[PDB]
2 protein chains.
Amino acid sequence: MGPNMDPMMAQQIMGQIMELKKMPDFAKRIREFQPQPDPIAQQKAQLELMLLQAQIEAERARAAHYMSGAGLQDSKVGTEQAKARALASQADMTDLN
Amino acid sequence: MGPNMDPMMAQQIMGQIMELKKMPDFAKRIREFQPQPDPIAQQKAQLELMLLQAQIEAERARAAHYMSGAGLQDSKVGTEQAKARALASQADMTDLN
């Protein structure tokens, strides 16, 4: 038939084949049988948490860290300039002496 | 028949074939037989713990660590500024002398 939903319908059909083949007890039991799912939905919930945390927690934090690092380097440039100037002045003093 | 649940029903059927083939002892034993699961549910529990810990414990902690690092860099920028200013002043003193 196909992947069509409402498996209740498939149960009704199968029960009808039972009844036509003269096992009414089996027919009633099947047509009234209620399927029950297992506890594997935990897997779906946990993988959802996997993805949620791996995206919000990891990547955005990495971006923030890298931008902060870039700002820090741009700051350190000035200290490099100052060190160069100071050492030049000290060399001048030594040459004078 | 299909993956339909209630394997008790399959046992009833198989016992009926036994009885029709005249082995009533086997028929009764099969129809009253109770299947028992193994100790592999430990695997499901342990993999559930796998996922739970790998998500809560790892990723959120990584996010917290990265945000803390970003804040630290943003703090260090000011110290860089101060170092630059101080070295400039020292160079000025040396030039004056």
# chains A, B, ... in the order shown; residues from 1 in each chain; ligands from 1
call {"tool": "interface_residues", "arguments": {"of": "chain B", "to": "chain A", "cutoff": "6 Å", "atoms": "only C-alpha atoms", "output": "ChimeraX atom specification"}}
result
/B:55,59-60,63,66-67,70,73-74,77,80,84,87-88,91
call {"tool": "write_last_selection", "arguments": {"atoms": "N, CA and C atoms", "output": "compact mmCIF listing (two decimals), in the first residue's frame"}}
result
# COMPACT_ATOMS: atom_id res chain seq x y z
N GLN B 55 27.28 16.50 26.42
CA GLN B 55 26.67 17.78 26.07
C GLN B 55 26.73 18.78 27.21
N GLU B 59 30.30 21.23 26.34
CA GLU B 59 30.12 22.38 25.45
C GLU B 59 29.84 23.66 26.23
N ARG B 60 28.93 23.60 27.20
CA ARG B 60 28.63 24.79 27.98
C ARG B 60 29.86 25.30 28.70
N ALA B 63 32.00 27.17 26.29
CA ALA B 63 31.46 28.50 26.04
C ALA B 63 31.84 29.44 27.16
N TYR B 66 35.49 30.43 26.92
CA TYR B 66 35.81 31.36 25.84
C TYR B 66 35.32 32.77 26.14
N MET B 67 34.11 32.90 26.70
CA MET B 67 33.64 34.23 27.06
C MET B 67 34.54 34.87 28.11
N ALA B 70 37.58 36.18 26.38
CA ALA B 70 37.31 37.42 25.65
C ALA B 70 37.27 38.61 26.59
N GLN B 73 40.84 39.59 27.52
CA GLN B 73 41.54 40.36 26.50
C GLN B 73 41.07 41.81 26.49
N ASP B 74 39.75 42.00 26.54
CA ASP B 74 39.22 43.36 26.56
C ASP B 74 39.74 44.14 27.75
N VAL B 77 43.56 45.29 27.12
CA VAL B 77 43.76 46.43 26.22
C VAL B 77 44.18 47.68 27.00
N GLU B 80 47.73 47.71 28.06
CA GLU B 80 48.58 48.05 26.92
C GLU B 80 48.66 49.56 26.73
N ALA B 84 52.10 51.95 26.99
CA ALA B 84 52.54 52.84 25.92
C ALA B 84 52.78 54.25 26.46
N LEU B 87 55.98 54.47 28.72
CA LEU B 87 57.23 54.43 27.98
C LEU B 87 57.46 55.73 27.22
N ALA B 88 56.40 56.33 26.68
CA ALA B 88 56.58 57.63 26.03
C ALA B 88 57.13 58.66 27.01
N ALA B 91 60.83 58.09 27.65
CA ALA B 91 61.64 58.56 26.54
C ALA B 91 61.79 60.07 26.57
call {"tool": "calpha_fit_and_write", "arguments": {"fixed": "chain B", "moving": "chain A", "output": "PDB file with C-alpha atoms, in the first residue's frame"}}
result
ATOM      1  CA  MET A   1       2.860 -11.048   9.135  1.00  0.00           C
ATOM      2  CA  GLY A   2       4.938  -8.035  10.116  1.00  0.00           C
ATOM      3  CA  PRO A   3       6.698  -6.295  12.988  1.00  0.00           C
ATOM      4  CA  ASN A   4       3.415  -6.141  14.905  1.00  0.00           C
ATOM      5  CA  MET A   5       3.893  -6.281  18.655  1.00  0.00           C
ATOM      6  CA  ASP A   6       2.509  -8.750  21.212  1.00  0.00           C
ATOM      7  CA  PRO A   7       4.870 -11.668  20.488  1.00  0.00           C
ATOM      8  CA  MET A   8       2.623 -13.639  22.809  1.00  0.00           C
ATOM      9  CA  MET A   9       0.363 -13.886  19.762  1.00  0.00           C
ATOM     10  CA  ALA A  10       3.137 -15.382  17.632  1.00  0.00           C
ATOM     11  CA  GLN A  11       3.771 -17.891  20.400  1.00  0.00           C
ATOM     12  CA  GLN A  12       0.076 -18.804  20.443  1.00  0.00           C
ATOM     13  CA  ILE A  13       0.122 -19.370  16.695  1.00  0.00           C
ATOM     14  CA  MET A  14       3.265 -21.504  16.758  1.00  0.00           C
ATOM     15  CA  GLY A  15       1.830 -23.573  19.585  1.00  0.00           C
ATOM     16  CA  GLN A  16      -1.275 -24.116  17.496  1.00  0.00           C
ATOM     17  CA  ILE A  17       0.827 -25.483  14.637  1.00  0.00           C
ATOM     18  CA  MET A  18       2.500 -27.806  17.144  1.00  0.00           C
ATOM     19  CA  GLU A  19      -0.884 -28.990  18.388  1.00  0.00           C
ATOM     20  CA  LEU A  20      -2.193 -29.536  14.869  1.00  0.00           C
ATOM     21  CA  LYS A  21       0.952 -31.552  14.165  1.00  0.00           C
ATOM     22  CA  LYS A  22       0.352 -33.615  17.327  1.00  0.00           C
ATOM     23  CA  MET A  23       3.096 -32.611  19.753  1.00  0.00           C
ATOM     24  CA  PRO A  24       0.979 -31.230  22.604  1.00  0.00           C
ATOM     25  CA  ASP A  25       3.873 -31.140  25.069  1.00  0.00           C
ATOM     26  CA  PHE A  26       5.893 -28.905  22.755  1.00  0.00           C
ATOM     27  CA  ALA A  27       2.762 -26.875  22.061  1.00  0.00           C
ATOM     28  CA  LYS A  28       2.141 -26.147  25.729  1.00  0.00           C
ATOM     29  CA  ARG A  29       5.799 -25.451  26.435  1.00  0.00           C
ATOM     30  CA  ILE A  30       6.059 -22.963  23.580  1.00  0.00           C
ATOM     31  CA  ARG A  31       2.785 -21.192  24.279  1.00  0.00           C
ATOM     32  CA  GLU A  32       3.696 -20.803  27.949  1.00  0.00           C
ATOM     33  CA  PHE A  33       7.335 -19.929  27.242  1.00  0.00           C
ATOM     34  CA  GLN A  34       8.326 -16.487  28.503  1.00  0.00           C
ATOM     35  CA  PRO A  35      11.193 -14.736  26.676  1.00  0.00           C
ATOM     36  CA  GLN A  36      13.798 -13.002  28.824  1.00  0.00           C
ATOM     37  CA  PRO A  37      16.082 -10.151  27.794  1.00  0.00           C
ATOM     38  CA  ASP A  38      19.848 -10.083  28.293  1.00  0.00           C
ATOM     39  CA  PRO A  39      21.983  -7.555  30.194  1.00  0.00           C
ATOM     40  CA  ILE A  40      22.645  -5.340  27.162  1.00  0.00           C
ATOM     41  CA  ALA A  41      20.366  -2.582  28.478  1.00  0.00           C
ATOM     42  CA  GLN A  42      23.506  -1.525  30.320  1.00  0.00           C
ATOM     43  CA  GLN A  43      24.798  -0.433  26.923  1.00  0.00           C
ATOM     44  CA  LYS A  44      21.806   1.836  26.356  1.00  0.00           C
ATOM     45  CA  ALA A  45      22.111   3.352  29.825  1.00  0.00           C
ATOM     46  CA  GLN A  46      25.838   3.971  29.412  1.00  0.00           C
ATOM     47  CA  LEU A  47      25.477   5.570  25.991  1.00  0.00           C
ATOM     48  CA  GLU A  48      22.725   7.768  27.407  1.00  0.00           C
ATOM     49  CA  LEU A  49      25.205   8.889  30.049  1.00  0.00           C
ATOM     50  CA  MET A  50      27.775   9.377  27.269  1.00  0.00           C
ATOM     51  CA  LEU A  51      25.523  11.831  25.501  1.00  0.00           C
ATOM     52  CA  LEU A  52      24.275  13.607  28.619  1.00  0.00           C
ATOM     53  CA  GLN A  53      27.746  14.305  29.969  1.00  0.00           C
ATOM     54  CA  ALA A  54      29.272  15.093  26.580  1.00  0.00           C
ATOM     55  CA  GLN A  55      26.669  17.777  26.066  1.00  0.00           C
ATOM     56  CA  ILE A  56      26.138  19.454  29.444  1.00  0.00           C
ATOM     57  CA  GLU A  57      29.659  19.050  30.747  1.00  0.00           C
ATOM     58  CA  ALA A  58      31.732  19.777  27.664  1.00  0.00           C
ATOM     59  CA  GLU A  59      30.119  22.377  25.454  1.00  0.00           C
ATOM     60  CA  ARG A  60      28.624  24.794  27.976  1.00  0.00           C
ATOM     61  CA  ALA A  61      31.898  24.771  29.886  1.00  0.00           C
ATOM     62  CA  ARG A  62      33.794  25.577  26.689  1.00  0.00           C
ATOM     63  CA  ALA A  63      31.461  28.496  26.043  1.00  0.00           C
ATOM     64  CA  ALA A  64      31.988  29.864  29.534  1.00  0.00           C
ATOM     65  CA  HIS A  65      35.751  29.534  29.163  1.00  0.00           C
ATOM     66  CA  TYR A  66      35.808  31.357  25.836  1.00  0.00           C
ATOM     67  CA  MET A  67      33.640  34.234  27.058  1.00  0.00           C
ATOM     68  CA  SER A  68      35.889  34.612  30.086  1.00  0.00           C
ATOM     69  CA  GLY A  69      38.913  34.741  27.802  1.00  0.00           C
ATOM     70  CA  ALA A  70      37.308  37.418  25.646  1.00  0.00           C
ATOM     71  CA  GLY A  71      36.589  39.534  28.706  1.00  0.00           C
ATOM     72  CA  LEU A  72      40.184  39.124  29.830  1.00  0.00           C
ATOM     73  CA  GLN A  73      41.541  40.365  26.496  1.00  0.00           C
ATOM     74  CA  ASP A  74      39.219  43.357  26.557  1.00  0.00           C
ATOM     75  CA  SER A  75      40.622  44.127  29.995  1.00  0.00           C
ATOM     76  CA  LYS A  76      44.252  43.759  28.886  1.00  0.00           C
ATOM     77  CA  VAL A  77      43.762  46.429  26.219  1.00  0.00           C
ATOM     78  CA  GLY A  78      43.825  49.142  28.882  1.00  0.00           C
ATOM     79  CA  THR A  79      47.066  47.891  30.391  1.00  0.00           C
ATOM     80  CA  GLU A  80      48.580  48.051  26.920  1.00  0.00           C
ATOM     81  CA  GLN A  81      47.496  51.689  26.665  1.00  0.00           C
ATOM     82  CA  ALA A  82      49.049  52.498  30.034  1.00  0.00           C
ATOM     83  CA  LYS A  83      52.342  50.829  29.131  1.00  0.00           C
ATOM     84  CA  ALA A  84      52.543  52.842  25.921  1.00  0.00           C
ATOM     85  CA  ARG A  85      51.961  56.115  27.756  1.00  0.00           C
ATOM     86  CA  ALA A  86      54.517  55.352  30.466  1.00  0.00           C
ATOM     87  CA  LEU A  87      57.230  54.435  27.978  1.00  0.00           C
ATOM     88  CA  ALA A  88      56.578  57.626  26.028  1.00  0.00           C
ATOM     89  CA  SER A  89      57.052  59.640  29.216  1.00  0.00           C
ATOM     90  CA  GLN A  90      60.308  57.850  30.021  1.00  0.00           C
ATOM     91  CA  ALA A  91      61.644  58.560  26.536  1.00  0.00           C
ATOM     92  CA  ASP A  92      60.794  62.231  27.022  1.00  0.00           C
ATOM     93  CA  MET A  93      62.748  62.278  30.289  1.00  0.00           C
ATOM     94  CA  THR A  94      65.769  60.708  28.615  1.00  0.00           C
ATOM     95  CA  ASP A  95      65.674  63.229  25.770  1.00  0.00           C
ATOM     96  CA  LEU A  96      65.502  66.093  28.262  1.00  0.00           C
ATOM     97  CA  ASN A  97      68.553  64.834  30.141  1.00  0.00           C
TER      98      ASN A  97
END
